[PDB]
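# Results of the structural survey
Listed below, chain by chain, are the residues.
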Amino acid sequence: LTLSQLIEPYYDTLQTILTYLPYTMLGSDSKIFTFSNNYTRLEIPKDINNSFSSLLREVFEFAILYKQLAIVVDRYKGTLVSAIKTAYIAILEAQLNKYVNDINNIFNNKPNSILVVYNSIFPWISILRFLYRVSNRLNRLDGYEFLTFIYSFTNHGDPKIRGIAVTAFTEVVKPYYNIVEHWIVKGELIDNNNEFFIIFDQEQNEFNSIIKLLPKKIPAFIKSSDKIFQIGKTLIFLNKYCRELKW
Amino acid sequence: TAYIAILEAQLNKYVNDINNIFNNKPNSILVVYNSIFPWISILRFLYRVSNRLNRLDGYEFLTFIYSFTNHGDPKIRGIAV
Amino acid sequence: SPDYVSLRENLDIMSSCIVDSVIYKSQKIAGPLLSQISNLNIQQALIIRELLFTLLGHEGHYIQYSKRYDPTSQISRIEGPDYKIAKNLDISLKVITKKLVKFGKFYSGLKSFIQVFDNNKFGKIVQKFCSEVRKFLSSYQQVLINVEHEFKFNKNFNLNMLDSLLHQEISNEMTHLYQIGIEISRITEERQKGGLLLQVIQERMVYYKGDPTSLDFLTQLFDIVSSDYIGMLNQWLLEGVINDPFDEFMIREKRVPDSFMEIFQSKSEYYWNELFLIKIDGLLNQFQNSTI
Amino acid sequence: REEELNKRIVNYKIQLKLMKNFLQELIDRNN
Amino acid sequence: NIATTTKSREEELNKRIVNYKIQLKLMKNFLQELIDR
């Protein structure tokens, strides 16, 4: 007889866990694990002795965090108006899709114990924690403060954290570069919200002062800003006052 | 330090040998003794050398070990070299 | 009483989100008394089952945290918990277990070290070291999984085999990482009453200068950890640009206050001769030369 | 005799260092 | 006695002191301009 058999009579606890664990990991209610309080806490049932409960408390960190991220993604999918936050939500959805596929792989290969499950998903601790922390501040932070907040993480020394930060920053910053592209090429302003370093003044009654620069909002990753402003102003002047549409 | 490193390697081999001797359920004390018998010279030599790791300096220790490489016994000279 | 796993309420980007300072008051399922069991095989299997969870830092039915371990204190978490073994275990099994328990202490200490020292205020060197610690933990769990598989299917498995395997496989690297981490904790708590990691590794490496495997591991760790510092130095000497805003780099360029901008623009000599400095604290012995 | 000149030289070295440290302190505090 | 040499020792020391009196006074003027604002 193996070691695990001789202990069976003297050790009582509810493979059955692995039967209902995949449904709990995907942020869904289970016969033995039930969420409560708007999916902010998970109740471990009776008949799970000290050790297994202590181990599960580490595994269930992924389930609750993923459920919170899924709630955020489903809630703010098409409600936010700012382009920066929308791009952030898009990359967040992509990351969650990858996580779900990873879980499906971990449980397609029938696992032997809870520990192999924990080890398989272990590399996702930093990604999930970072995404939860950033999404937690999607409300108070404005369109530009959010971009600056993410940008500060691209310098993180940790390859995993900096990898996810620089992965998300590309798509988060693309809309800003689209604003700059429209301003540079045609000479027009797109951002309806205050998330750019060039603005207008409808109340003004003279050309040279309708457009003004905001030196405080100039991002660090942009270059030759004082030339971008002049290019855009001269374009507006040419295509709306001189009416030289051909050139 | 290098001497301690090789000593640790030898002790690891000895522990693995003991594990083999008792994984094969022995019948009596004598089979146990015969199985580990070839380790008498290695253990005695290592204990004797390590006993003088304090008083001997860095170079005197090297010269002390070097004198055993000329030992005629294949087992003792094997471990010394 | 119901059991709940609830969400807890320079930001710590890797600090545990859920509550983990919960210590169970009494066992949820009452197991057999250890004194009641007299057979050696049963005791060995029971202690093995309890030990698999202990090695990850969790409590068991027969291995319990010492009353001195307070999760609130930072130093207590960093140094890891101390375990007490039930008095009714067999003497030989108790000794062997007391040797193996230390591995759970190191693992818990490292896991709590990551959740504290991996933020922006501790610099790129410490962050990159936390990366190594997290990769080592991932490797160590594959040593624990194999042990569990052998316990489950191998009939010849016994406590001595576990002791020999763990000691011969993962003890050395774990000891190195734990010692470096606890030394960092000691130094950083002393300084409150960054680049210092390289000094700790170099100081640590003097004792293992003759050991091949330990020296190889320490040299590899030093090489990967220092790579960020080499990046800063390379950019400084090739393009004259300082990049990382953590003030880690030795050549400290400082911003002129807005109140003095007009003054410093006129007298650019003082701008270019006073607002570039060399931070002597973070210098290695290679750069400890005036001309260099 | 020239000992006196050397002594004054070192005194002015210290005074210059103090002035530079004063500049650094002032700038650090204003920031 | 200290060796005599073709180069004027006292001249070198005096020039060093004068160059240390220019740096001090320029630094003082700059600090005065900095403090009064």
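Here's what I pulled together on the structure shown here. (Residues numbered from 1 in each chain as written, not as in the entry; some residues may be left out. Chains lettered and ligands numbered in written order. Part of a larger assembly, values for the part shown. Heavy atoms only, no water.)

Once that is clear, we can look at the overall build of chain B. Summing up its helical and strand segments, chain B has 5 helices and 0 strands in all. Going from N to C terminus, chain B has its helices and strands arranged as α-α-α-α-α. The C-alpha radius of gyration computed for chain B amounts to 15 Å, which surpasses the reference 12 Å derived for 81 residues by more than 25%, pointing to a less compact arrangement than a globule. If you line up chain B on its principal axes, its C-alpha atoms span 45 × 25 × 15 Å. The buried share among the 81 residues of chain B stands at 22%. When contacts within chain B are restricted to residue pairs at least 6 apart in sequence, long-range pairs at least 24 apart make up 48% of them. (Helix = DSSP H or I, 4+ residues; strand = E, 2+ residues; numbered from the N terminus. Rg over C-alpha atoms; globule rule 2.2 N^0.38 Å. Buried < 20%, exposed > 50% of the residue type's maximum accessible area, 1.4 Å probe, protein only. Contact = heavy atoms within 4.5 Å.)

Take empty space enclosed by the protein next. Each pocket or cavity is described by its volume, and for the largest cavity that value is around 580 Å³. Residue lining of the largest cavity: 32 residues in total, with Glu-58 of chain A together with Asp-20, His-58, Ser-108 and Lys-111 of chain C positioned closest to the centre. Taken together, the elements giving at least two residues each to the lining of the largest cavity come down to α3 (50–75) and α6 (125–135) of chain A together with α3 (91–117) and α4 (123–153) of chain C. Looking at which element gives the most residues to the lining of the largest cavity, the answer is α3 of chain C, with 6 residues. Broken down by class, the residue content of the lining of the largest cavity amounts to 15 nonpolar, 8 polar and 9 charged. The space that makes up the second largest cavity amounts to roughly 30 Å³. Lining the second largest cavity are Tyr-10 and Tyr-11 of chain A together with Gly-31, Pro-32, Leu-46, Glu-50, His-61 and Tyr-62 of chain C. Class assignment of the residues belonging to the lining of the second largest cavity gives a composition of 5 nonpolar, 2 polar and 1 charged. (1 Å grid on protein atoms, 1.4 Å probe; cavity = no way out; pocket = protein on both sides within 12 Å on 5 of 7 lines; lining within 4 Å. Points joined across faces, edges and corners; volume = space filled by probe spheres on them. Nonpolar A, V, L, I, M, F, W, Y, C, P; charged D, E, K, R; others polar.)

If you walk through the whole model with that rule in mind, you get 20 salt bridges over all chains. The closest approach of N and O atoms between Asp-28 of chain D and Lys-254 of chain C, which form a salt bridge, is 4.0 Å. Taken as a pair, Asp-28 of chain D in helix α1 (residues 3–30) and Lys-254 of chain C in the loop between β4 (251–253) and α9 (261–266) lie in two separate chains rather than in one. Take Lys-254 of chain C: its relative accessible area is 10%, and that puts it in the buried class. Where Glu-262 of chain C meets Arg-37 of chain E, a salt bridge forms, and the shortest distance between an N and an O atom there is 3.2 Å. Highlighted residues: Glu-262 of chain C in helix α9 and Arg-37 of chain E in the segment after α1 (9–35), drawn from two different chains. One salt-bridge network, held together by shared partners, links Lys-124, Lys-128, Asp-228 and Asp-244 of chain C. (Salt bridge = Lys/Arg side-chain N within 4 Å of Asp/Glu carboxyl O.)

In this section: the interface of chain A and chain C. Chain A puts 53 residues into the contact, and the matching count from chain C is 58 residues. Summed over both partners, the interface of chain A with chain C comes to about 5500 Å²; 63% of that surface belongs to carbon and sulfur atoms. The largest per-residue losses of area from chain A upon contact with chain C belong to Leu-3, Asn-50 and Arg-57 of chain A, which jointly make up 14% of the total buried on that side. The interface formed by chain A and chain C contains 2 salt bridges. For the interface between chain A and chain C, the tally reads 19 residue pairs in polar contact. Elements with a minimum of two residues in the side of chain A that touches chain C: α1 (3–6), β2 (41–44), α3, α5 (114–121), α6 and α8 (159–185) of chain A. Per-class residue counts for the side of chain A that touches chain C are 25 nonpolar, 16 polar and 12 charged. Of the strand pairs in this sheet, β2 of chain A and strand β1 (residues 3–6) of chain C are connected by 4 bridges, and their pairing is antiparallel. (Buried area = accessible area lost by both parts, 1.4 Å probe. Polar contact = N/O pair within 3.5 Å; in protein donor to acceptor, adjacent residues only side chain to side chain. Pairing = 2+ DSSP bridges.)

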